[PDB]
Amino acid sequence: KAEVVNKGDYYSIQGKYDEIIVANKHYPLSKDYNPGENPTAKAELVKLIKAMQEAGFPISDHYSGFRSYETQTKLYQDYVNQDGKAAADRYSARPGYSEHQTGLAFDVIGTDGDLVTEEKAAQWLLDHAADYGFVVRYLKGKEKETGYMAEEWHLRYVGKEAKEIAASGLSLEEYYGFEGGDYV
Amino acid sequence: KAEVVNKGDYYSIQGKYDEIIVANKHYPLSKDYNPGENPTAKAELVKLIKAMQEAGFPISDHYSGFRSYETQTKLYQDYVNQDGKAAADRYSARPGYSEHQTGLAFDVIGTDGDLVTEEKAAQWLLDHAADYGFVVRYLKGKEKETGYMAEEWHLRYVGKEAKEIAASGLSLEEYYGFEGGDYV
Amino acid sequence: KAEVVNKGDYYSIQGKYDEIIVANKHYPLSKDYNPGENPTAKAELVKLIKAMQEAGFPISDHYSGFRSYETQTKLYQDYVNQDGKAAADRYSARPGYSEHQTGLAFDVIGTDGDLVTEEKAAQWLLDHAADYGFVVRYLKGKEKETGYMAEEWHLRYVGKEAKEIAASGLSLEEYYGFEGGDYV
Ligand SMILES: [Zn+2]
Ligand SMILES: [Zn+2]
Ligand SMILES: [Zn+2]
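First to last, the protein sequences are chains X, V and S.
Just so it is clear: in the first sequence, position 141 is 1368 by the numbering used here, and no numbers are missing.
Just so it is clear: in the second sequence, position 142 is 1369 by the numbering used here, and no numbers are missing.
Just so it is clear: in the third sequence, position 50 is 1277 by the numbering used here, and no numbers are missing.
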């Protein structure tokens, strides 16, 4: 439905206001694509975290943002080594198939050191994230569409179109009309 | 001929491979546009500087890249205060009208702290910069097209289309067909 | 320095390129002087307003340009009644003593409906107005010379000599060498 363009190092689509990089299990990033952390998204994340803190949530200034292909290989193999391949494929991502390689995705973490999962904090993200240009990328119940286990804590920066996407309740795959799902 | 789109904070055109932000004296950046320094351009710049050093040129590991609207206001007013308005309008750019606010423009500096101007080094940039996704933006003899005094040291990251642009020998204004020149 | 000539219903001096009407608290306009809005100045003002909007400032197409002696009488009296005479004398102008009766002066207004005062917008006028033949007439710091409270939003069309005047940093009074100051 959407026209997905292969730019070699990554795939993307034309959003209403911006080019939107598409990285998922159907649309990988090349092993060489190493854009680093996007500074517009980072600045917006810093404001979001500060807002969550002001609202009384115990959120850390530290986060997991950009993860290079090499960092992702290590993370994935560590999961394979500790919990086995089946589990790694369930909650991690093989390298090149994590949105964190875009430099536009960020996992929010509590001051306790755990990824954010508490109900009211998770809901604050759903209600507020679009004010900062972010969507909560992986919702429970959209797992078949996105291809990924739900992450209450994972934000993807999309910029101006975030409010429209949030209002729709749709995954990016449904909203723009591109395929996600499992590796096959 | 170029469909220049006003995207709100900035103008841009559709290149052959990528969207190209267009910033000059006819297409300013908003006072609120603050993207920071593009990390892809940074990564390419590291490689370029390393290659120039290997070719024997005394190039610094430090450069002048992103300048916010606020930084540009200060830089511009220092020129005005020190050399007068006429000279400031020659050497500098009014805030919102410098490509440095795009985060895609980099002034290369020698190891002595002066902007690079030496003939062989300037020619190296002209001959090699497109291999790293850059063009020498403000060419000798093109001041009437671009609107800016020539800068032997100033690279604009355009990505893959840099090789085609370099081969043409044209300013971006002429190559893509959009307005440049002085203010007004 | 300047030879100020009484032309009947107004005073003027010879500028480097054109006759420059002089209207201030030392040199008022006659009650009968009703030129209407100068259409060359208006044509330049429309281009300047368009340029500011393209630069991202929320400037209205609506402005306060020509104000006849009768209009100024009403404006002045309304301020006297609302704020009292002392206040009216500080921020308004008695009829015959406003440069707006020349048809060459224009107050720029934001789409919010307030006169322009925001810092970056006021600085844009200072940096760019002369390109359209205008000077910012009433600067902070120049009240003693001009005789008027600063107006960040008030442009006086002087034509070609605007660039030399802006570069000097002077009020018209200081630049041309004529008297200004308060009513007495
Ligand atoms: Zn994640
Ligand atoms: Zn430069
Ligand atoms: Zn006024």
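Don't be surprised by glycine CBs; every beta carbon is placed ideally from N, CA and C.
Legend entry - Nearest-angstrom beta carbon gap, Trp-1351 (chain X) and residue 1431 (chain X) [assumed within contact, 8 Å]: This structure cannot settle anything about residue 1431 (chain X), because the visible part of chain X is limited to 1228 through 1411.
Inset, instruction - For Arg-1321 (chain V), decide whether its Cβ has a neighbour in chain S, counting only Cβ atoms nearer than 7 Å. - result: Taking the first residue of the second sequence as 1, we reach residue 1321 (chain V) at position 94. Answer yes: the Cβ-Cβ gap between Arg-1321 (chain V) and chain S drops below 7 Å somewhere.
Inset, instruction - Compare the beta carbon distance of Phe-1405 (chain V) and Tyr-1384 (chain V) with 7 Å and say whether it is the shorter of the two. - result: One-based indexing of the second sequence puts residue 1405 (chain V) at position 178. One-based indexing of the second sequence puts residue 1384 (chain V) at position 157. Not in contact: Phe-1405 (chain V) and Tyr-1384 (chain V) (Cβ atoms no closer than 7 Å).
Inset, instruction - Would you mind stating whether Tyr-1237 (chain S) and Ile-1247 (chain S) have Cβ atoms separated by less than 7 Å? - result: Mapped onto the third sequence, residue 1237 (chain S) falls at position 10. Mapped onto the third sequence, residue 1247 (chain S) falls at position 20. Their beta carbons are not under 7 Å apart, which means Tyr-1237 (chain S) does not touch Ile-1247 (chain S) by this criterion.
Inset, instruction - Confirm, please, whether the CB-CB distance from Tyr-1365 (chain V) to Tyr-1375 (chain V) is below 7 Å. - result: Along the second sequence, read from residue 1 onward, the residue named residue 1375 (chain V) stands at position 148. Along the second sequence, read from residue 1 onward, the residue named residue 1365 (chain V) stands at position 138. Against a cut-off of 7 Å, the Cβ pair of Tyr-1365 (chain V) and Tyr-1375 (chain V) comes out as a contact.
Legend entry - CB contact check: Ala-1394 (chain S) to chain V, cutoff 7 Å: For the purposes of this step, residue 1394 (chain S) is identified with residue 167 of the third sequence, where counting begins at 1. Yes, contact with chain V.
Legend entry - Distance cut-off 6 Å: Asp-1334 (chain S) Cβ against heavy atoms of ligand 3: As a working note, residue 1334 (chain S) is residue 107 in the third sequence. Flag set: Cβ of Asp-1334 (chain S) near ligand 3.
Legend entry - Within 7 Å of chain S by C-beta, residues of the region 1242-1273 of chain V in sequence order: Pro-1255, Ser-1257, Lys-1258 and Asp-1259
Legend entry - Contact residues within the region 1276-1287 of chain S, judged by C-beta distance below 8 Å to chain V: The region 1276-1287 of chain S vs chain V, Cβ under 8 Å: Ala-1278, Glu-1281, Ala-1282, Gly-1283 and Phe-1284.
Inset, instruction - Report the residue from V:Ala-1270, V:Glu-1370 and V:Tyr-1260 whose alpha carbon sits nearest the alpha carbon of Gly-1283 (chain S). - result: For the purposes of this step, residue 1283 (chain S) is identified with residue 56 of the third sequence, where counting begins at 1. Measuring from the Cα of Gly-1283 (chain S), the nearest candidate turns out to be V:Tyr-1260.
Legend entry - Cβ-based burial, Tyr-1244 (chain X) [other Cβ within 10 Å; buried from 16]: As a working note, residue 1244 (chain X) is residue 17 in the first sequence. Result: exposed.
Legend entry - Complete alpha helix (DSSP H) runs within the region 1315-1402 of chain S (minimum length 4 residues, chain order): Counting whole runs of 4 or more residues, the region 1315-1402 of chain S contains the alpha helix (DSSP H) stretches 1346-1355, 1370-1373 and 1389-1395.
Inset, instruction - Please state if the CB of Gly-1337 (chain X) and the CB of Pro-1285 (chain X) are separated by a distance shorter than 7 Å. - result: Translated into positions along the first sequence, residue 1285 (chain X) becomes position 58. Translated into positions along the first sequence, residue 1337 (chain X) becomes position 110. Yes.
Inset, instruction - Report yes if the C-beta of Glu-1378 (chain V) is less than 6 Å from at least one heavy atom of ligand 2; otherwise report no. - result: Locating residue 1378 (chain V) in the second sequence gives position 151, counting from the first residue. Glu-1378 (chain V): yes, Cβ under 6 Å from ligand 2.
Inset, instruction - Check whether the Cβ of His-1381 (chain S) lies closer than 6 Å to any heavy atom of ligand 4, and answer yes or no. - result: This structure does not include ligand 4; its bound ligands are ligand 1, ligand 2 and ligand 3.
Inset, instruction - Closer than 9 Å by beta-carbon distance: list the chain S residues that pair up with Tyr-1410 (chain V), in chain order. - result: Within the second sequence, numbered from 1, the residue matching residue 1410 (chain V) stands at position 183. Residues of chain S passing the Cβ test: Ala-1278, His-1355 and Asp-1358.
Legend entry - Paired residues, beta bridge with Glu-1246 (chain S) - DSSP: Within the third sequence, the letter at position 19 stands for residue 1246 (chain S). Bridge partners of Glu-1246 (chain S): S:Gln-1241.
Legend entry - Partners in chain V for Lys-1347 (chain S), counting only beta-carbon separations shorter than 7 Å: Taking the first residue of the third sequence as position 1, residue 1347 (chain S) is located at position 120. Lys-1258, listed in chain order.
Inset, instruction - Give me the Cα-Cα distance between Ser-1325 (chain V) and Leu-1342 (chain X), rounded to the nearest whole angstrom. - result: Taking the second sequence and counting its residues from 1, the one referred to as residue 1325 (chain V) is at position 98. Taking the first sequence and counting its residues from 1, the one referred to as residue 1342 (chain X) is at position 115. Computed Cα separation, rounded: 41 Å.
Inset, instruction - Answer with buried or exposed for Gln-1328 (chain V), where buried requires no fewer than 16 other C-beta atoms within 10 angstroms of its C-beta. - result: Translated into the one-based positions of the second sequence, residue 1328 (chain V) becomes position 101. The residue in question, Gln-1328 (chain V), is buried, as its Cβ has 16 or more Cβ neighbours within 10 Å.
Inset, instruction - Return the chain-ordered list of same chain residues with a C-beta closer than 7 Å to the C-beta of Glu-1370 (chain X), the five sequence neighbours on each side being excluded. - result: Start at 1 with the first residue of the first sequence, and residue 1370 (chain X) comes out as number 143. Cβ neighbours of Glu-1370 (chain X) within its own chain (closer than 7 Å, five residues either side excluded): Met-1376 and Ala-1377.
Legend entry - Delimiting residues of the alpha helix (DSSP H) encompassing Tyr-1303 (chain V): Walking along the second sequence from the start, residue 1303 (chain V) turns up at place 76. First-last of the alpha helix (DSSP H) with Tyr-1303 (chain V): 1296-1310.
Inset, instruction - Under 7 Å between beta-carbons, which chain S residues line up against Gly-1311 (chain V)? List them in chain order, please. - result: Residue numbering aside, residue 1311 (chain V) sits at position 84 when the second sequence is read from its first letter. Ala-1394, listed in chain order.
Inset, instruction - Determine the contact status of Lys-1252 (chain X) and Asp-1409 (chain X), defining contact as a CB-CB distance below 7 Å. - result: Numbered from its first residue, the first sequence carries residue 1252 (chain X) at position 25. Numbered from its first residue, the first sequence carries residue 1409 (chain X) at position 182. In this structure, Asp-1409 (chain X) lies closer than 7 Å to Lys-1252 (chain X) by Cβ.
Legend entry - Assigned exposure category for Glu-1230 (chain V) - 16 Cβ within 10 Å defines buried: Within the second sequence, residue 1230 (chain V) is the residue found at index 3, counting from 1. Classification for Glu-1230 (chain V): exposed.
Inset, instruction - Please list the residues of the region 1297-1310 of chain V that have a C-beta atom closer than 8 Å to any C-beta atom in chain S, keeping them in chain order. - result: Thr-1300 and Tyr-1303
Legend entry - Residues within the region 1321-1336 of chain X neighbouring chain V, beta-carbon criterion of under 9 Å: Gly-1330
Legend entry - Residue closest to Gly-1235 (chain X), alpha-carbon to alpha-carbon, out of V:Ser-1395, V:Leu-1399, V:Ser-1398 and V:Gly-1386: Translated into positions along the first sequence, residue 1235 (chain X) becomes position 8. Of the listed residues, the one whose Cα sits closest to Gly-1235 (chain X) is V:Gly-1386.
Legend entry - Contact set between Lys-1234 (chain X) and chain V, taken where Cβ atoms lie within less than 9 Å: Here the question's residue 1234 (chain X) lines up with position 7 in the first sequence. Here the neighbours are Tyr-1244, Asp-1245 and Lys-1387.
Inset, instruction - Determine the direct distance from the alpha carbon of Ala-1270 (chain S) to that of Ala-1393 (chain S), and round the result to whole angstroms. - result: Within the third sequence, the letter at position 166 stands for residue 1393 (chain S). Within the third sequence, the letter at position 43 stands for residue 1270 (chain S). One C-alpha to the other measures close to 20 Å.
Legend entry - Alpha-carbon spacing of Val-1307 (chain X) relative to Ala-1315 (chain X), whole angstroms: Position 80 of the first sequence, counting from 1, holds the residue named residue 1307 (chain X). Position 88 of the first sequence, counting from 1, holds the residue named residue 1315 (chain X). Distance between the alpha carbons of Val-1307 (chain X) and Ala-1315 (chain X): 5 Å.
Legend entry - Beta-carbon spacing of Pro-1322 (chain X), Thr-1300 (chain X) below 7 Å: Stepping through the first sequence from its first residue, residue 1322 (chain X) is reached at position 95. Stepping through the first sequence from its first residue, residue 1300 (chain X) is reached at position 73. In contact: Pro-1322 (chain X) and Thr-1300 (chain X) (Cβ atoms closer than 7 Å).
Legend entry - Exposed unless 16 or more other CB atoms sit within 10 angstroms - verdict on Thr-1344 (chain S): In the third sequence, counting from the first residue as 1, residue 1344 (chain S) sits at position 117. Result: exposed.
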